[PDB]
Amino acid sequence: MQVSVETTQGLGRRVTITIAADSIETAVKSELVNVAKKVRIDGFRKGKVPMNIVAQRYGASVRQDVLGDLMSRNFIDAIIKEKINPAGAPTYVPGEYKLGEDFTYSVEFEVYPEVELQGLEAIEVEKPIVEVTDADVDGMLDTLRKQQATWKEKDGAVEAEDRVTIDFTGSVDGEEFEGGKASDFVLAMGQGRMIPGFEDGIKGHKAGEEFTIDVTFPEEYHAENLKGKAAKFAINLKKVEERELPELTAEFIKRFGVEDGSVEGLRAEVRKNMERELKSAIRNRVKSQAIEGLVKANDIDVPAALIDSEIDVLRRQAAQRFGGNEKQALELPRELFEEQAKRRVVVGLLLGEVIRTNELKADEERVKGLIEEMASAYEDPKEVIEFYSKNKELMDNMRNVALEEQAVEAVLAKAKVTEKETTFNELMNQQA
Amino acid sequence: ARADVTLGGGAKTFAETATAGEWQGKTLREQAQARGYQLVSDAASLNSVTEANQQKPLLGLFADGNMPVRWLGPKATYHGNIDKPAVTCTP
């Protein structure tokens with residue numbers, strides 16, 4: 001077979017495999033002699049009729065069945081000895097198939113380029129040394145009690161995070177709009193629920209006065225013609241309602257799993273659990289910043305096939321979360337996925353090369369290390385590990401994270417890891 | 001199909017009314033939250049478990065981890081198919 005290496009699309013190389021009649025008529029005949037044995041007709045076939053008659057004439061139908069066998073096995077054989085590693089998927093352009101003439105087929109497939117790595121030492125990646133200090137423990141428990149607090153109607157004073165009842169009436173931008181009028185209205189202030197500034201109109205007051213404030217709607221508001229407007233509302237201040245914190249009695253605290261009534265056990269619980277989640281969160285934190293700076297400091301063209309693959313995974317995931325559409329997503333606007341997908345494969349090529357050079361792997365002791373730290377933190381490790389190894393969707397995720405961690409940390413060994421000391425609040429103060 | 005046009009304007013005039021995200025905590029709705037009350041007593045927390053490290057997942061949607069067996073998400077993968085040699089060819 002005459003094979004080429006026609007580097008047409010740069011990434012796209014064309015190995016035009018020209019299988020001559022010597023390999024055609026033998027490989028077709030390999031199946032034909034097996035058909036006789038498979039149906040046991042070979043026992044009845046005396047061999048009087050030479051195979052050539054039943055190969056070209058009677059086997060003419062079967063020559064079609066051998067086309068895929070020729071295209072598949074002779075391709076994978078060729079590219080290995082030609083030292084050409086493919087990427088994505090190969091496109092077979094079958095020139096012609098005839099007896100006597102050559103089965104010529106131009107297999108156009110994309111390959112990996114020379115992955116340009118630069119400034120990998122110049123990349124400054126932040127390392128937040130986050131932990132659950134006593135400030136974070138008390139803060140955590142207090143927040144839990146405030147979020148699960150029972151609303152107790154009081155009088156006298158508005159606190160910054162209370163639930164205040166008013167009657168407000170007016171117009172937005174001096175024009176009739178809905179939402180600028182609500183009788184017996186109630187506001188859990190200090191909470192991301194209403195305009196910061198609307199609540200502050202009330203917060204500069206006590207119980208049962210009457211006034212009028214101008215609220216400037218934020219540029220954070222997705223409401224296109226409201227964002228940055230000034231509305232005039234006559235706030236009839238009625239009552240206040242305290243977020244009265246619930247109990248922490250034996251039957252309450254055990255219901256969450258903390259079998260001991262001692263609060264120090266729930267403090268210990270917050271420490272061991274939130275750090276179990278935290279190490280994974282800090283790994284993904286330093287990871288995402290490293291990847292951001294890696295690609296921001298580096299450039300590499302991706303094979304279109306790989307971009308198509310990532311886009312397609314995003315289309316399936318999109319349609320699934322949009323309603324549950326089966327393959328309709330193939331029509332979704334490619335440019336919505338194009339940039340981010342290609343960018344994620346740029347990550348895969350840059351990490352691909354630093355991995356290759358530093359001979360990295362899905363480290364068995366790392367996978368298993370994280371499997372023990374995972375499973376032991378639950379009720380029953382046994383069935384979680386059994387379920388895990390069989391849940392290929394998640395067992396994949398375990399290989400992928402281990403490899404991605406080691407991949408990034410090989411770049412961190414090269415990169416300027418700017419380490420800082422900070423509390424568990426750090427991880428939570430990530431809005432935008 | 002020809003081309004069914006269903007576009008009912010948009011009505012982005014006064015969007016995100018908000019209403020302070022609150023008008024439920026008024027006696028009636030907290031009964032629906034408290035509807036059940038008694039669940040999982042025991043002397044301990046059901047002693048048929050290997051360990052009580054965290055038998056009941058009290059931890060919610062706090063950044064990453066969460067407790068439910070899934071977590072994580074951001075990956076890259078592929079590279080050059082260097083992955084642990086135990087893979088089903090399933091596209």
# chains A, B, ... in the order shown; residues from 1 in each chain; ligands from 1

$ closest_atom_pairs --of "chain B" --to "chain A" --cutoff "6 Å" --atoms "only C-alpha atoms" --output "CSV"
residue,atom,partner,partner_atom,distance
B:15,CA,A:223,CA,5.1
B:17,CA,A:179,CA,5.3
B:20,CA,A:194,CA,4.6
B:21,CA,A:193,CA,5.2
B:50,CA,A:380,CA,5.4
B:51,CA,A:379,CA,5.7
B:52,CA,A:379,CA,5.6
B:53,CA,A:377,CA,5.6
B:54,CA,A:378,CA,5.1
B:55,CA,A:379,CA,4.0
B:56,CA,A:257,CA,4.9
B:58,CA,A:256,CA,5.2
B:64,CA,A:281,CA,5.4
B:65,CA,A:277,CA,4.5
B:76,CA,A:348,CA,5.3
B:77,CA,A:400,CA,5.8
B:79,CA,A:352,CA,4.4

$ write_last_selection --atoms "C-alpha atoms" --output "PDB file, in the first residue's frame"
ATOM      1  CA  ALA B  15     -38.202  43.069  35.496  1.00  0.00           C
ATOM      2  CA  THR B  17     -39.540  43.074  40.973  1.00  0.00           C
ATOM      3  CA  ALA B  20     -37.544  41.766  49.077  1.00  0.00           C
ATOM      4  CA  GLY B  21     -37.720  37.989  48.359  1.00  0.00           C
ATOM      5  CA  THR B  50     -19.218   1.070  59.744  1.00  0.00           C
ATOM      6  CA  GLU B  51     -18.399   4.535  61.249  1.00  0.00           C
ATOM      7  CA  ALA B  52     -20.209   7.682  62.471  1.00  0.00           C
ATOM      8  CA  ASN B  53     -17.544  10.106  60.957  1.00  0.00           C
ATOM      9  CA  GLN B  54     -20.439  11.870  59.207  1.00  0.00           C
ATOM     10  CA  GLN B  55     -23.508   9.570  59.064  1.00  0.00           C
ATOM     11  CA  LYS B  56     -25.900  12.502  58.259  1.00  0.00           C
ATOM     12  CA  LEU B  58     -25.248  18.381  57.604  1.00  0.00           C
ATOM     13  CA  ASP B  64     -16.900  22.692  46.687  1.00  0.00           C
ATOM     14  CA  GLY B  65     -17.135  19.161  48.177  1.00  0.00           C
ATOM     15  CA  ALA B  76      -9.088  19.339  31.096  1.00  0.00           C
ATOM     16  CA  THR B  77      -8.388  15.604  30.498  1.00  0.00           C
ATOM     17  CA  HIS B  79      -3.909  15.277  26.626  1.00  0.00           C
TER      18      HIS B  79
END

$ select_by_dssp --residues "chain B" --states "alpha helix (DSSP H)" --output "list in words"
residues 30, 31, 32 and 33 of chain B

$ select_by_dssp --residues "range 204-317 of chain A" --states "strand (DSSP E or B)" --output "PyMOL selection string"
chain A and resi 210-216+230-244

$ residues_around --residues "residue 38 in chain B" --least-positions-apart "3" --cutoff "12 Å" --atoms "only C-alpha atoms" --output "number ranges by chain"
A: 251-252, 255; B: 34-35, 41-42

$ write_last_selection --atoms "N, CA and C atoms" --output "mmCIF file, in the first residue's frame"
data_model
loop_
_atom_site.group_PDB
_atom_site.id
_atom_site.type_symbol
_atom_site.label_atom_id
_atom_site.label_comp_id
_atom_site.auth_asym_id
_atom_site.auth_seq_id
_atom_site.Cartn_x
_atom_site.Cartn_y
_atom_site.Cartn_z
ATOM 1 N N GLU A 251 -31.806 16.944 71.076
ATOM 2 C CA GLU A 251 -32.633 16.408 69.970
ATOM 3 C C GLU A 251 -32.445 17.190 68.654
ATOM 4 N N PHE A 252 -32.056 18.465 68.762
ATOM 5 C CA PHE A 252 -31.812 19.326 67.595
ATOM 6 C C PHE A 252 -30.430 18.998 67.008
ATOM 7 N N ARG A 255 -29.720 15.699 65.301
ATOM 8 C CA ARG A 255 -30.533 15.468 64.087
ATOM 9 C C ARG A 255 -29.691 15.719 62.821
ATOM 10 N N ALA B 34 -42.207 22.795 59.167
ATOM 11 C CA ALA B 34 -42.226 21.972 60.394
ATOM 12 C C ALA B 34 -43.130 20.724 60.234
ATOM 13 N N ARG B 35 -43.695 20.544 59.021
ATOM 14 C CA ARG B 35 -44.600 19.429 58.703
ATOM 15 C C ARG B 35 -43.786 18.128 58.546
ATOM 16 N N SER B 41 -34.618 8.923 65.378
ATOM 17 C CA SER B 41 -34.253 9.067 66.793
ATOM 18 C C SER B 41 -33.060 8.134 67.135
ATOM 19 N N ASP B 42 -33.352 6.873 67.548
ATOM 20 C CA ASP B 42 -32.351 5.883 68.036
ATOM 21 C C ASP B 42 -31.597 6.389 69.300
#

$ residues_around --residues "residue 123 in chain A" --least-positions-apart "4" --cutoff "6 Å" --atoms "only C-alpha atoms" --output "short mmCIF file (atom, residue, chain, number, x, y, z; two decimals) with N, CA, C and O atoms, in the first residue's frame"
data_model
loop_
_atom_site.label_atom_id
_atom_site.label_comp_id
_atom_site.auth_asym_id
_atom_site.auth_seq_id
_atom_site.Cartn_x
_atom_site.Cartn_y
_atom_site.Cartn_z
N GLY A 293 -3.64 31.94 34.18
CA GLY A 293 -2.33 32.53 33.88
C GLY A 293 -1.52 31.75 32.85
O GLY A 293 -0.74 32.34 32.10
N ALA A 415 6.15 27.74 38.29
CA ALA A 415 5.50 29.07 38.41
C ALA A 415 5.75 29.71 39.78
O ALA A 415 6.07 29.03 40.76
N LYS A 416 5.58 31.04 39.83
CA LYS A 416 5.70 31.84 41.06
C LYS A 416 4.45 31.68 41.93
O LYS A 416 3.45 32.38 41.75
#

$ residues_around --residues "range 129-145 of chain A" --least-positions-apart "2" --cutoff "9 Å" --atoms "only C-alpha atoms" --output "number ranges by chain"
A: 127, 147-149, 243-247, 266-268, 270-272, 274-275, 278-279, 282, 419-427

$ residues_around --residues "residue 71 in chain A" --least-positions-apart "5" --cutoff "9 Å" --atoms "only C-alpha atoms" --output "list in words"
residues 17, 66, 76, 92, 94, 105 and 107 of chain A

$ write_last_selection --atoms "N, CA, C and O atoms" --output "short mmCIF file (atom, residue, chain, number, x, y, z; two decimals), in the first residue's frame"
data_model
loop_
_atom_site.label_atom_id
_atom_site.label_comp_id
_atom_site.auth_asym_id
_atom_site.auth_seq_id
_atom_site.Cartn_x
_atom_site.Cartn_y
_atom_site.Cartn_z
N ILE A 17 -3.93 6.09 1.63
CA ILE A 17 -3.54 4.68 1.61
C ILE A 17 -4.05 4.05 0.31
O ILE A 17 -5.26 3.94 0.10
N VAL A 66 -15.78 -6.07 3.09
CA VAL A 66 -14.35 -6.04 3.44
C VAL A 66 -13.77 -4.60 3.36
O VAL A 66 -12.68 -4.35 3.86
N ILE A 76 -4.70 2.11 10.97
CA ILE A 76 -4.09 2.12 12.31
C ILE A 76 -2.68 1.49 12.27
O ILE A 76 -1.77 1.95 12.96
N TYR A 92 -12.28 9.34 6.05
CA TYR A 92 -11.87 8.46 4.93
C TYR A 92 -12.54 8.94 3.64
O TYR A 92 -13.77 8.93 3.54
N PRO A 94 -12.80 7.68 0.11
CA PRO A 94 -12.51 6.52 -0.75
C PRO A 94 -12.51 6.92 -2.25
O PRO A 94 -13.58 7.10 -2.84
N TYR A 105 -7.73 5.43 -0.85
CA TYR A 105 -8.59 6.19 0.07
C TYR A 105 -7.75 7.18 0.91
O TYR A 105 -6.83 6.78 1.63
N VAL A 107 -7.25 9.28 3.82
CA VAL A 107 -7.68 9.47 5.21
C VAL A 107 -7.12 10.79 5.76
O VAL A 107 -5.94 10.88 6.10
#

$ atom_distance --atom1 "CA of residue 51 in chain A" --atom2 "CA of residue 35 in chain A"
12.2 Å
